Amino acid sequence: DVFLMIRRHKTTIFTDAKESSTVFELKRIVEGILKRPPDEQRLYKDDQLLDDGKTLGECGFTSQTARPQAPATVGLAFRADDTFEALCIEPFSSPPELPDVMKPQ
Amino acid sequence: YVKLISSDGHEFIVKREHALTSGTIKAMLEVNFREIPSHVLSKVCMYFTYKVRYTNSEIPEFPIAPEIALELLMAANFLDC
Amino acid sequence: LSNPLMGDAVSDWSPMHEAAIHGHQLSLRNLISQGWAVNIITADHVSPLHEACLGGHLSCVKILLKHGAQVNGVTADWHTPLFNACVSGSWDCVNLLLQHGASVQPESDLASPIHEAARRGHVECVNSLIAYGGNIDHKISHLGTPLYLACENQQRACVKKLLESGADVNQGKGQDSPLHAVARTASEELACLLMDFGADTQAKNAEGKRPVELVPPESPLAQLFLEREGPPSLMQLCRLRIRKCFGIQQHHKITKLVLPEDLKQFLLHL
Amino acid sequence: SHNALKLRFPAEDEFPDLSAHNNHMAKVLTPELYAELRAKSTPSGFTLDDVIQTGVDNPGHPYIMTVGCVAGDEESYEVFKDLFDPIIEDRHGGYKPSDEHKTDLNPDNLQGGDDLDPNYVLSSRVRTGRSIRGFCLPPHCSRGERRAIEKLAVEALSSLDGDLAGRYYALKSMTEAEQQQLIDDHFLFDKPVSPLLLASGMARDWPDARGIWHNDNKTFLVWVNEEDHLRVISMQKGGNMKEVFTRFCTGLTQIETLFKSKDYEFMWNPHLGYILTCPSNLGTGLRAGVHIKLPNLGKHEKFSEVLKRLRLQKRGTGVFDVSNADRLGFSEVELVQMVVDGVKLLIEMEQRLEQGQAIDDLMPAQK
Amino acid sequence: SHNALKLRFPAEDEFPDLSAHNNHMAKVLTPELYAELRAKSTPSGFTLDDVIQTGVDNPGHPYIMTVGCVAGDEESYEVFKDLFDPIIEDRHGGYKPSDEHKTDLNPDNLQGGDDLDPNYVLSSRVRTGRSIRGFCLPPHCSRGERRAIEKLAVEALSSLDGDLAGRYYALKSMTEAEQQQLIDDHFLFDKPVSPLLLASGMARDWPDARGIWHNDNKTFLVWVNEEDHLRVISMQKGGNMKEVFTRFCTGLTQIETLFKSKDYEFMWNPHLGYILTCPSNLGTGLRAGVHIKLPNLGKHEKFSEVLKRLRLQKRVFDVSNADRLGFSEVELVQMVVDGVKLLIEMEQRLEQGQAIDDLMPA
């Protein structure tokens, strides 16, 4: 099983999948929430647009990466008419400073 | 799926059934957690999946950073986890 | 006295050894004033100090040490004044001896003060030894760890103390973790503690068995193991992670963390 | 004597408080026994109180369980039998009232031990004690009685031949140079300092009639009127247990002969063997052992466990002094056989430990 | 009896080699005397071999001697008087058996003692001891009467009032807290360690029926069944011996009458005063002493002989009366008081760079 986290700007979604399933089905996994068809979606890894015809295994995702301990990260942009949205994702808040009593000696 | 909102405006789409891990969320049954920062809300979600996945099967160790341990504890307390 | 008399051990005691073991302080002083040196030893290199330590006669060891008694003297059975004090439990003598340079760590692995105290239930001496500078997780062959031993003798006071101090909940003897030990001794009380301090219910012993497999299913422990078969709570995990940031006996610093008192107690009562 | 006044009080008033005491006598002596036995006495002058004197005077130790009593003479073992049977039985591991004891110093019954490995056996030593029939023991005898014994010993010792020839020193008047020579060889002894001895009265009149005799080769040593009547020690650097045992035997064989020529013999009977002072030395009263270089086994976790089953005593020094832990129920040379056996086992035990090998296969169920 | 068995030997065999000893006993007991008294014994069974055992066991210091003889009871002083009389005569500097000794428990006879200079007198005490007629002295008593004596002593002491009211500490059940307090105040008396005491056999059965009674104000100690039956110690800081002595005398009198109300009395006779185990202490058995700060005089070469001249012991010095028999109890402390006053002024001379000269006594 594949534990995948998909994000867009400030949105995040957690979903499970099969290594044998492809990006195309994954596009429909997004659709279930998004309410927009696969052709209007742009799933991507890092900065590499994902191929509907490739499996998650084919795209480099696996049980050693996309875990329940910590899922893989795929971005999502949308088909802005004749193009698509900037492939950017806003990071979550930065961490607080570690208290001196918990800081290592 | 249920959308959870962080105090920082992040939107988390979480399978409801995993969300039901939290006693507070169970009591709540979209939910806006203005009390919980984005720095740790996503972590809590990950935990929800973790616990569900290994409920009936060895179990690997859940990852956690000292920078979130304190706030996360508090968040977990809030969420009854 | 002064030589290998080749007689029975019963014939070799000095009057000081007698005074020491029974707390005859003034007699001791008198013998000293006559000229009975405090470093007079017998057969197994046993000094008045060693006997006083076994008796727990604080004022006697104060005197003996005052006059140059060998605080780290070693007997033929590898015993030290400190070790002997731990045997009797004399909390005061343990502290005193340490203050005069008694080494917490012994030369021989046949007589660990800490492990002895663990077996005896001498909690406050365990505390002093560790605080003075003692390795709470020292593994020593046949005895495993202090924690392990406390569990073997059902010394729940020391078990709780050691675990709060920061004993490695999953380090016992060989593959026989403290949790496995509890299962073998059927103690629901110690099981509850160890589980809460992070004991690994899936760890296997030398036989490849989990703690739950080392106890009959009819016992209460079977149910208690069932309760902890699934993944731990996030708060549990958090607490474990937080505690790891503090050293041995350093968790008192938790009180300085910027958080609610309820959680402060949650962490302090680990 | 003053015992007449003791008889004017109720037994319970005389009954000593042994609550804080920890020894064999203390467990045995009851108010009932005290009440009965205090009315009896020996023909030599003993009374129950002297029998249990050292006991009540010394609680002893929380861990080391001493005997807590002392005999007075041969007759006292019968007169105060009601305590001795319980004390002896307990101290000697179930030795029963009808359990006949034997004797045997004939070297022909010692097998092996001709040469113990000198890499381990630093030295060998044999020790015993004898009492002369017709006299009392050191806890009771008068100056005159003690002096008579000295003279008998001096005569006999002056006639020993061969390697058993030697010289007698009078402790009470020996020259400081002589003291230097004998203290270097540890042949020189001194006044008892342990309260476990002093309570018996054995130090009375010291050094009157106390004596030291050793042979020309410094292998045969006997002490006169000290812890007991005749204290005999045989020793030699090296592992030749067989020869030392024989030397020892011939020492007592000739001395006994010499005493028999004057109508004296060692106190002895079929039930308790040789009759000595404290109960722990009944039967053979024979100790034997060696100084073994065991830096390895002395650190091993089961060292004392092995020695326990081998029935050997572990003692340090003034490297271990390994020695016979039994005194009664074994035929003298039999005990020496036990020591030889155990030591050879320990040498092999050490060999395997030295090489980092498992040593569990050398731990026999010896009882 | 083994005594009879010893008599089977000739006296020559039983006679100890006293040439190695330097005590008084060794210079009195001849082999002839030994032979004469060897077969003699007291009603208690006490014999010669018991009376000189200590003198035999301990060789004695080459310069400082002692006696080495230990009595068994009052009667034993009569039974073996052929030995004791010459011992006593030498021990007290000349004393014939016919010279009837005095006794005096009336403080009124003491002139002064309530006015010593507190800059020198740090503290002072009075020690003596008694024994109960009818019981044997410690060296030959059994557990039975040791306990009977304890019972009496404690019972009687518990009835004391005023500044004599107090409590009893049985050593066999005395706690560490109590121990520490008694040690702090020098009240606690532990097991004997000297050969001169051990040789008597008095250390046996330790500490059965032994203990300490003392008053609430910490001025009176009664050691029960220790070195004698009743060791009476009275003490106080400062230069007021007189009051100490009045408490001592009247307190002692009271406890004496309390025993008499129960038909008991202290051993006492016209030629030895009160009876103790050691011959040197026969008589009054009174030891009054004082801690005297004395930096200058203590370094003066005649200090010794001055105390000698005053009949005082040189035990800051612990100065005490050097006699126990030869004159009354009051006379004794009178000498102590006078001596102190003399000694104070002597030091004062030295402090002012003055000689002692005319302060030397006889």
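Residues numbered from 1 in each chain as written, not as in the entry; some residues may be left out. Chains lettered and ligands numbered in written order. Heavy atoms only, no water.

### Here's the deal with the nonpolar core
To keep it simple, the criterion reads: Nonpolar core, defined: a set of buried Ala, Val, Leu, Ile, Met, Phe, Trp, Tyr and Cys residues in which side-chain atoms within 4.5 Å join the residues together. Three exposure classes are used, based on accessible area relative to the maximum for each residue type with a 1.4 Å probe and protein chains only: buried under 20%, partly exposed in between, and exposed over 50%. Secondary structure elements follow DSSP: runs of H or I of four or more residues count as helices, runs of E of two or more count as strands, with numbering from the N terminus.
Counting 57 residues, the largest nonpolar core has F248(E), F259(E), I292(E), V340(E), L343(E) and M346(E) as the members making the most contacts within it. The biggest single contributor to this core is helix α13 (residues 329–351) of chain E, with 10 residues.

### A word on the environment of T47(D)
Residue and element names in this part refer to chain D. Here is the rule we go by: The contact rule is simple, with two residues in contact once any of their heavy atoms fall within 4.5 Å.
By secondary structure assignment, the location of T47 is in the loop between α4 (31–37) and α5 (48–51). Separated by 169 residues in the primary sequence, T47 and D216 place their C-alpha atoms 43 Å from one another. Residues contacting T47, with those up to four places away along its chain left out, are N3, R38, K40 and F80.

### Let's talk about the pairing of strand β3 (residues 211–215) of chain D
Residue and element names in this part refer to chain D. Worth spelling out the cut-off: Two strands qualify as a pair provided DSSP detects at least 2 bridges between them.
Across the 5 residues of β3, 5 count as buried, placing the element largely inside the fold. Along β3, one buried face is formed by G211, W213 and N215 and the opposite face, lined by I212 and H214, is buried too. As judged from the 5 bridges shared by strand β2 (residues 166–170) and β3, these two strands associate in the antiparallel manner. Bridged to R167 within β3 is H214. Summarising the sheet, β3 and strand β4 (residues 220–224) pair through 4 bridges and their orientation is antiparallel. Counted as the bridge partner of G211 is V224 from β4. The antiparallel hairpin formed by β3 and β4 contains 4 residues in its connecting segment, where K218 sits at a positive phi of about 55°.

### Brief notes about a nonpolar patch on the surface
Heads up, the condition is: Like-charged residues within 9 Å of one another, or nonpolar side chains (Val, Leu, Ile, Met, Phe, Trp, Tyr) within 5 Å, are grouped into patches, provided each residue has over 30% relative accessible area and no salt bridge. Note that accessible areas follow from Shrake-Rupley with a 1.4 Å probe, and for residues the cover is restricted to the protein chains shown. By salt bridge we mean one thing: a side-chain nitrogen of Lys or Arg within 4 Å of a carboxyl oxygen of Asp or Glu.
Among the surface-exposed residues, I29(A), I33(A) and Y1(B) lie close enough to one another that they form a single nonpolar patch of about 260 Å² accessible area. When you line up the elements, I33(A) lands in helix α1 (residues 23–34). Taking relative accessible area as the criterion, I33(A) reaches 33% and is therefore assigned partly exposed.

### A closer look at the side chain of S142(E)
Among the secondary structure elements, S142(E) is positioned in the loop between β1 (121–130) and α8 (143–157). For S142(E), a relative accessible area of 6% translates into the label buried.

### Considering the interface of chain A and chain B
Filter applied, for reference: Two parts lose some accessible area (1.4 Å probe) when they are put together, and adding that loss for both gives the buried area. Polar contact criterion, stated in full: a pair of N or O atoms within 3.5 Å, where within protein one must be able to donate a hydrogen and the other to accept it, and residues adjacent in sequence count only if both atoms are side-chain atoms. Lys, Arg, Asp and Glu make up the charged group, whereas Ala, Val, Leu, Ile, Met, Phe, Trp, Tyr, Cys and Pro make up the nonpolar group; the residues left over, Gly among them, are polar.
Between chain A and chain B, the contact holds 25 residues from the first and 25 residues from the second. Of the roughly 2,200 Å² buried between chain A and chain B, counting both surfaces, carbon and sulfur atoms make up 65%. In this assembly, chain A and chain B are joined by 1 salt bridge. There are 10 residue pairs in polar contact connecting chain A and chain B. Elements that contribute at least two residues to the side of chain A that touches chain B include exactly β1 (2–8) and β2 (11–17) of chain A. The element best represented in the side of chain A that touches chain B is β2(A), accounting for 6 residues. The class makeup of the residues in the side of chain A that touches chain B is 14 nonpolar, 6 polar and 5 charged.

### Observations concerning the domain arrangement of chain D
Residues and elements named next belong to chain D. How we decide: These domain limits were set by an automatic method or by a database of domain assignments.
In terms of domains, chain D is made up of domain 1 (1–97) and domain 2 (100–366). The centre of domain 1, based on its C-alpha atoms, is set 27 Å off from the matching centre of domain 2. At the junction of the two partners, domain 1 supplies 24 residues and domain 2 supplies 24 residues. Here domain 1 is connected to domain 2 by 1 salt bridge. One salt bridge connects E74 with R133, and the closest N-O pair in it is separated by 2.8 Å. Across the domain 1-domain 2 interface, the total number found is 11 residue pairs in polar contact. Mapped onto the side of domain 1 that touches domain 2, the elements with two or more residues apiece are α6 (53–57) and α8 (81–91). Looking at the side of domain 1 that touches domain 2, the element that brings in the most residues is α8, giving 4 residues. Residues of the side of domain 1 that touches domain 2, tallied by class, amount to 11 nonpolar, 8 polar and 5 charged.

### So, the interface of chain E and chain D
Often, the extent of an interface is quoted as the loss of accessible area on bringing the components together. Contacts between chain E and chain D engage 29 residues on the former and 28 residues on the latter. Here chain E packs against chain D, burying approximately 2,200 Å² in sum over the two surfaces, 46% of which is carbon and sulfur. Counting across the chain E and chain D interface gives 3 salt bridges. Taking the shortest distance from any N to any O, the salt bridge between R143(E) and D49(D) comes out at 3.0 Å. Between chain E and chain D we count 19 residue pairs in polar contact in total. Residue assignment for the side of chain E that touches chain D shows that the elements contributing at least two residues are α1 (2–6), α2 (11–14), α5 (53–57) and α8 of chain E. A total of 5 residues in the side of chain E that touches chain D trace back to one element, the largest contributor, which is α8(E).

### Considering the domain arrangement of chain E
Residues and elements named next belong to chain E. Under the domain assignment used here, chain E contains domain 1 (1–97) and domain 2 (100–362). On a C-alpha basis, the centroid separation for the pair domain 1 and domain 2 is 27 Å. Taken residue by residue, the interface counts 22 residues in domain 1 and 23 residues in domain 2. Carbon and sulfur atoms supply 65% of the area buried between domain 1 and domain 2, which totals about 1,900 Å² over both sides. Of all residues in domain 1, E74, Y77 and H92 bury the most surface against domain 2, accounting for 31% of the area lost on that side. In this structure, the salt-bridge partner of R133 is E74, at a minimum N-O distance of 2.6 Å. Run the count over domain 1 and domain 2 and you get 9 residue pairs in polar contact. Breaking the side of domain 1 that touches domain 2 down by element, the ones donating at least two residues are α5, α6 (74–79) and α7 (81–91). For the side of domain 1 that touches domain 2, a count of residues per class yields 10 nonpolar, 7 polar and 5 charged.

### Points about the sheet that holds strand β4 (residues 220–224) of chain E
Residue and element names in this part refer to chain E. Quick reminder of the rule: Here an axis means a line fitted to C-alpha atoms, over the contact stretch when the element is a helix, while the angle between two N-to-C directions is reported on a 0 to 180 degree scale.
Strand order in the open sheet formed by 8 strands is β2-β3-β4-β5-β1-β8-β10-β9, with antiparallel pairing between adjacent strands. Both outer strands of the open sheet, β2 (166–170) and β9 (312–314), are each paired with one neighbouring strand and no more. The mean inter-strand angle of the sheet, taken between neighbouring strand axes irrespective of direction, is 20°. Of the pairings in the sheet, the one linking strand β8 (residues 287–292) to strand β10 (residues 317–321) comprises 4 bridges and is antiparallel in character. Pairing of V290 across the sheet is with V319, part of β10. On top of the sheet, α13 reaches β1, β8, β9 and β10; it is set at about 15° to β8, its chief contact.

### Observations concerning the pattern of salt bridges
By the definition in use, this model includes 69 salt bridges over all chains. A salt bridge links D176(C) to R184(C); the shortest N-O distance between them is 2.6 Å. Residue classification places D176(C) among the buried residues on the basis of a relative accessible area of 15%. Here the salt bridges share partners, and the residues they tie into one network are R143(D), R146(D), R204(D), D205(D), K6(E) and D49(E).

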